[PDB]
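First, one chain by itself in structure tokens, the form deposited without 2-amino-4-mercapto-butyric acid.
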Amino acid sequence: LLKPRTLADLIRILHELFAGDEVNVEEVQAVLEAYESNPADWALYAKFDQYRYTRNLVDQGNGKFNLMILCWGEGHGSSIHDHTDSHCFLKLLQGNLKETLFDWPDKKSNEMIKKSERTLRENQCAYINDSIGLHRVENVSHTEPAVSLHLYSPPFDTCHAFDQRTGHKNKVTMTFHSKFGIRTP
């Protein structure tokens, strides 16, 4: 377990950690957090959109994980979502994001109430899965875009969004804005 000097070193260390069948969550998280964000490494991937956050595939981890870069303009946020029974790691490359944690609702139609909120700041790494709960991620800054590195294992194409007033959920299909530095409409 060595320090990733560059995003390309990190990706090679991640391939080594996902060699087996099972995941060492704490080791993944330590090494993601040890990579010092350098914009020259991931410039190619930071493709923003005026209206919402963009998802930009970086590496597909020999089928074991998706590594992607999320770009969040001012005020861009996600909905309340689960992660499809996968692991989710989230490292901040630039700016800050607010994360809000929710519990799985009851089949009762009811407002969903926050368990907790917190700020994720530059270079920190957060971890979530469905057994911890639901969450919402947002760039609440009026001035500064945010960029995060995201790692999901196993990969998933879809997830569920939750309406905060009802807890009712809807299945959603992930879109890539770009793959490997190349935009894809």
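Note that residue numbering begins at 1 and tracks the sequence as displayed.
**Q** I need to verify one thing: averaged over C-alpha atoms only, is the B-factor higher for 109-117 or for 93-101?
**A** For C-alpha atoms only, the mean B-factor is higher in 109-117.
**Q** Tell me which of 66-74 and 127-135 has the higher mean C-alpha B-factor in the deposited entry.
**A** Averaging CA B-factors over each stretch, the winner is 127-135.
**Q** Based on the deposited C-alpha B factors for this chain, I'd like to know if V147 is in the lowest, middle or highest third.
**A** Lowest third.
**Q** When the deposited Cα B-factors of this chain's modelled residues are ordered and cut into thirds, is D157 in the lowest, the middle or the highest one?
**A** According to the entry, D157 has a C-alpha B-factor in the chain's highest third.
**Q** Lowest, middle or highest third of the chain for the C-alpha temperature factor of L14?
**A** Tercile = middle for this residue's CA B-factor.
**Q** Splitting the chain's C-alpha B-factors into thirds, which one does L7 fall into?
**A** Its C-alpha B-factor belongs to the lowest third of this chain's values.
**Q** Using only modelled residues of the chain, where does the Cα B factor of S37 rank: lowest third, middle third or highest third?
**A** Highest third of the chain for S37's C-alpha B-factor.
One more form of this protein, deposited with 2-amino-4-mercapto-butyric acid bound, exists but is not displayed; see below.
**Q** Is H76 near 2-amino-4-mercapto-butyric acid? Define near as a heavy atom within 4.5 Å, in the deposited bound form.
**A** No.
**Q** With the cut-off set at 4.5 Å between non-hydrogen atoms, does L70 touch 2-amino-4-mercapto-butyric acid in the deposited bound form?
**A** Answer yes; at least one heavy atom of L70 falls within 4.5 Å of 2-amino-4-mercapto-butyric acid in the deposited bound form.
**Q** Report whether the minimum heavy atom distance between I11 and 2-amino-4-mercapto-butyric acid in the deposited bound form is within 4.5 Å.
**A** Outside the cut-off, so no.
**Q** Is the gap between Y45 and 2-amino-4-mercapto-butyric acid in the deposited bound form 4.5 Å or less for some heavy atom pair?
**A** It does not: once 2-amino-4-mercapto-butyric acid is placed as it appears in the deposited bound form, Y45 has no heavy atom within 4.5 Å of it.
**Q** Judged by heavy atom distances of 4.5 Å or less, which residues of 118-150 approach 2-amino-4-mercapto-butyric acid in the deposited bound form?
**A** Read in sequence order, the residues that approach 2-amino-4-mercapto-butyric acid (within 4.5 Å, in the deposited bound form) are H135, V137, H150.
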